[PDB]
Every structure is written in structure tokens, then in C-alpha cells.
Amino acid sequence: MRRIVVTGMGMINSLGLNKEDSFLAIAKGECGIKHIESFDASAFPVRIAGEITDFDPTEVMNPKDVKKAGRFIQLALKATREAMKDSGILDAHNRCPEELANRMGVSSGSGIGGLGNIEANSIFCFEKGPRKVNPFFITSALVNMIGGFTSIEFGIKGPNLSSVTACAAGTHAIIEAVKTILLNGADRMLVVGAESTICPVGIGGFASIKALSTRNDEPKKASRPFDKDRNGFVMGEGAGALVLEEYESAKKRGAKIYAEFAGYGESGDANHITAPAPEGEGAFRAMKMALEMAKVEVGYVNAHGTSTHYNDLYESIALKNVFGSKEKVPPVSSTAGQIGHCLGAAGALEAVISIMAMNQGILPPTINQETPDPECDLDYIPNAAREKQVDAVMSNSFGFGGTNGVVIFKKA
């Protein structure tokens, strides 16, 4: 079986414009959740979000093209540029070498993609008729246009694939990339999860099902995974990106090796469209298959942990059941307190975060742990980051429709 390594990483979120500044702020327990400014939320039951306020699209694409890409794609071009440069793979023109281009693909993930663009053109069409629908509407909004713009930007011509499994999309995009390399459909895969849905119909959609925290007065305390006072997730925007390469190809070209891919698991609950399976049953199966595949001792778990009553509970139950007991669960944290839950991008952001934790021996903490929840009785690395060497990390993602994905990376 082919072995796979991570050779390049990048990420952009509400606490940093690159993976270095972002992880530092996350390990310090800072919080990027702010009062919403990207639209007028004054009349909304939810007025906070993990917004990025220092992102400039004209730094990643020329001004003429900014209009052609939804914000989630602008964020994806930023993160992939970092990862592609980090990997050392680009040639003198910042393109993938031609003799390698056919064998390097892209696997992208998002839950809905350019929602704000659908929303805007929907309103244009309703108020002024179809002739006011901008020509750049469609390709600015489709989720797979992440792989569209990124493949044109870097000239990669391998399998061009897109996962749209809701809040697990970013983790499934990693796994589909792994599957493609394992079956010799590519030697390298750019992986990127990206989501930006802080817009009126985006916030209202999750508010109307009471999924979001309404602690509007304290944006920095709203997102509190596993805490007894958690009252819904806080929506974040961002993108995370990885370069995966077959192990021998990375060695031959002298690649930086952040981690080796170890194992994955995918399952469905077949229970409910938004609620998790009882006892996190589907999550348990995905987690067990990834652990049985990786066959390594996991020292750290980055939980999905969206700070909602039912997710955080049923994820904790599933973790105890898979590791046998609460005492056998490795240190766990959710970084959704710091940057919000970034939906389809979360799986990708949290794989970058998790590998960096391993690289640095620094396990970031679950912030805003103020009141223990007796039913959430794991070690959530509360408030303070933990200095600890680990040899393997596991990241969990679950999505509406009951779809579960788990990945395990191990030390190189």
C-alpha cells in the first residue's frame, strides 16, 4: 500500500491570515469571534460570528478577478497559496511543474459555498428580473469552483474532486484525496476546505432552527465546547489547506514532512437529519475504523465540538465508548471556542491545527470552560494549552444528514 505524507500547509481564519499567526493565537486561547460587521445584523437574533476583518482579496488574485469568486473561494486561494508555497513544489512561475501537473489533483470541500452570492443574485432577479443576474454568479458560487480556481491558479490537472457533506466536508475532502492516491489516481493532491457564510440568509437559516448561540453581548464567551453553559455554535469563516504526496515522491524531491497519513473512517447514522445518533453511534464506528486502520497510539483528539448541547454530549459519549472508558480517552480539545465552528472548512482547519500541535508538542485548549458539565466528563485541556509530545493525532467531523468522517495523522 502506498504511504502518504503532508508536505505543505496553510490556513486562514478569524485569528490569523497564515498558519503561523493563526495557531499561535489559538494555542494562547485568544478568540476571533466578533460582533458581525460584514452585514447589518442589528435586527437579527444572532449578531456575532468568527469574521475575518483583515483579509484583502486583491492580495491573492488580481482586482479584475475578485468579482468572479465567492469569498469562500478567495479564502481558499489564500490558504492554498500558502500551502503550495510552503510545500516548495512551485516552479519559477509559481505553477506546478508541467511534468508533474497531470498527476497532481485537488480535493476541495465546502458545505454550501457562495451562499451570499446566491442570496444577492436571487434578490437581483426578484427585484429587477433575470437580466440583472450577473454573468459571474454561477461560477462564483459553486462549491467545486474552489478546485476550479485553484487548479487554474497552480496548473494542476489531476483528479479535481469536491466534497459537500455539510460540516464534515473538510474532513471528507482529505479522505477522498487519500483514496485517490492510495488507488494510484494521483501522486499528490492539494486539499482545501473553505467556507464563508456570514450573511443574512446564512445566519437566519441557523437561527431559525435554534442552532446558534445568542450570547450577543460577549462574543468572546459565546463559543464554549463541552461547557455546561454552551447554548449553540458560533459561525466562523476560514479555509485550511494541505498538500498530500505519496511518500517516495516526497523523499525523492526532498520534501518537508509534517506528518504521515495514518487512518480514516467514514459512516452515516441513518437516524436524523440534524440530530446526532443516540450515543454518537455513527461517530463511534467512524472513529473505531480510523483507529483500527492507523494502528497507532493517538495522543491528542481535536473534537468536532461545536458548543451545541447535543453534539458535544454525543461526541463525548462516542469517545468514551471507542477508547473503552473516560480514563482511556486521550487529551481532547475543540478549537471552535477560539475561531468558531467553520462548518465545511472545519475539518480542514482542524487537521492543520492538529498536525501543528503534534509538530510543536503544544496541545491547544478548549476555551471558556467555566462550569463543568457532569455529562461531558473528559479532559478537554481547559483554558490553558498543554505541553505534551504526541505521536499521533485524530480529528473528527460530523455533518447534517448524519455523515461522519475521522482522520488520523502520525509523526513523520
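From 1 onward, residues are counted along the sequence shown.
For the pair 315-323 and 234-242, the record assigns the higher mean C-alpha temperature factor to 315-323. The mean C-alpha temperature factor is higher for 19-27 when 396-404 and 19-27 are set side by side. Within the selection 195, 229, 187, 281, the deposited Cα B-factor values reach their highest point at 229. Within the selection 46, 358, 69, 349, the deposited Cα B-factor values reach their highest point at 358.
When all modelled residues of the chain are sorted by CA temperature factor, residue 353 is found within the middle third.
Residue-level temperature factors show residue 288 in the middle third of its chain, judged at the C-alpha atom. Among all modelled residues in this chain, the alpha-carbon of residue 4 has a temperature factor (C-alpha) in the lowest third. Residue 124: CA B factor lies in the middle third for its chain, per the PDB record. Per the deposited record, the Cα B-factor of residue 372 falls in the highest third when ranked against the other modelled residues of its chain.
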